[PDB]
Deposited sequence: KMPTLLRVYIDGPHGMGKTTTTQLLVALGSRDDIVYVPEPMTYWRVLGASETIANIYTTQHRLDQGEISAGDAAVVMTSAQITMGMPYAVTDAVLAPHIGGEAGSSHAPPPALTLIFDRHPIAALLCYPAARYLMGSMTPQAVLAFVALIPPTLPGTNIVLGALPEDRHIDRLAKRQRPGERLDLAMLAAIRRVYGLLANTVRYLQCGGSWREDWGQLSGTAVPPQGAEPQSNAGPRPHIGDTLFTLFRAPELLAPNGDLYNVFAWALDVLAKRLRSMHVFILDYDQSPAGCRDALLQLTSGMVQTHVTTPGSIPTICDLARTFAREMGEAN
């Protein structure tokens, strides 16, 4: 079978993900690489009206005291469903085309602006840290994360907080801190799981980044530490089983991902070349049918045309 390379560019907004991605795509002949872009049209028009604006307005109103936490939570939960929809459908229709992990060049490279976990895990977790989502809803989103397809390469981003702030300022610091922390925790969680970490065994070590390499992180430095919330704990002090099962699901979904960290602290071309070097260690898969490749290409471009800026 022909092989496919799927790369999800993810991590906090405002680091240079989109520019870097576009530059990499530009290196290729038109047909050997396809970009599945940020579905901004869905978010602004098709799925609802101006979802990004509604999200930031709601946080501000919460921080202002103009609305309750309960009010903010219903809006954020509802908005995240809208945010995530294009990711989730794309995954669902891609799935039957993806074979086992397969190296000679891929017939097709597919590059995504974000993975489903952005909308179903990372942004909800950060909203939770900001007090505008309940941890129960975060775990409900976790339970709905689709089964992790073979060859799921995710690229996260590193950038000094000062440079990140400036970059964002030139073009909500608590939210920026929150999302940066969540993605750092994510990277550690994947490493923890691939080093054989069992959250149930280490749960009691709780009380108070990089994948790809390094030693096993402490559970206190992974996403698992976020869910010690009193909302989730029974009178005896343990997690209710329903929430423990969501953490089992979190573990299963993350542990088979291939995570890479891109240093965005350089020029656009430098980021591009760094991303290119990173793809040399990424996992390809076979496809299901010979016609899978043109189908995937059509799917991505259709997506791009309809939901892209």
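Taking the first deposited residue as 1, the stretches without any C-alpha atom are 1, 104-107, 177-183, 221-229, 331-332.
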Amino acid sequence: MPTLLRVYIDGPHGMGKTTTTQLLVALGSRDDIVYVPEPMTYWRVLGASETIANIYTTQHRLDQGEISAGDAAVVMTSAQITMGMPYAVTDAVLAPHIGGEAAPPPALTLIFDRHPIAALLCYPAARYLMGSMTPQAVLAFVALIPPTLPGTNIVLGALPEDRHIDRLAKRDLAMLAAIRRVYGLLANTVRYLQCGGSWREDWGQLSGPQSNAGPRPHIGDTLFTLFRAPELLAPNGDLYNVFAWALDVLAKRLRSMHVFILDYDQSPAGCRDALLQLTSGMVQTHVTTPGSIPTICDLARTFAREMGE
From here on, numbers count along this sequence of modelled residues.
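Rigid core (definition): largest C-alpha set, two forms, superposition within 1.5 Å.
Greater average departure of CA atoms from the shown form, over structures and residues in 8 other deposited structures of this protein after a core fit, characterises 162-170 among 162-170 and 187-195. Compared with other PDB entries of the same protein, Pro209 is missing from at least a third of those that resolve the residues around it. Compared with the other entries of this protein, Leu223 is consistently built, present in every one of those that build its neighbours rather than absent from a third.
Higher average CA B factor: 286-294, of the stretches 21-29 and 286-294. Look at the C-alpha B-factors of 133-141 and of 159-167. On average they run higher in 159-167. Residues shown: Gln64, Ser256, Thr41, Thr279. Highest C-alpha temperature factor in the entry: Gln64. Listed residues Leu232, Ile81, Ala107, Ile117 were ranked by CA B-factor as deposited; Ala107 comes out on top. Among all modelled residues in this chain, the alpha-carbon of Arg216 has a temperature factor (C-alpha) in the lowest third.
For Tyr56, the recorded CA temperature factor ranks within the highest third of the chain's modelled residues. Compared with the other modelled residues of the chain, the Cα B-factor recorded for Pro37 ranks in the lowest third. Per the deposited record, the Cα B-factor of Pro150 falls in the middle third when ranked against the other modelled residues of its chain. Among the modelled residues of its chain, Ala88 has a C-alpha B-factor that falls in the lowest third according to the deposited record.
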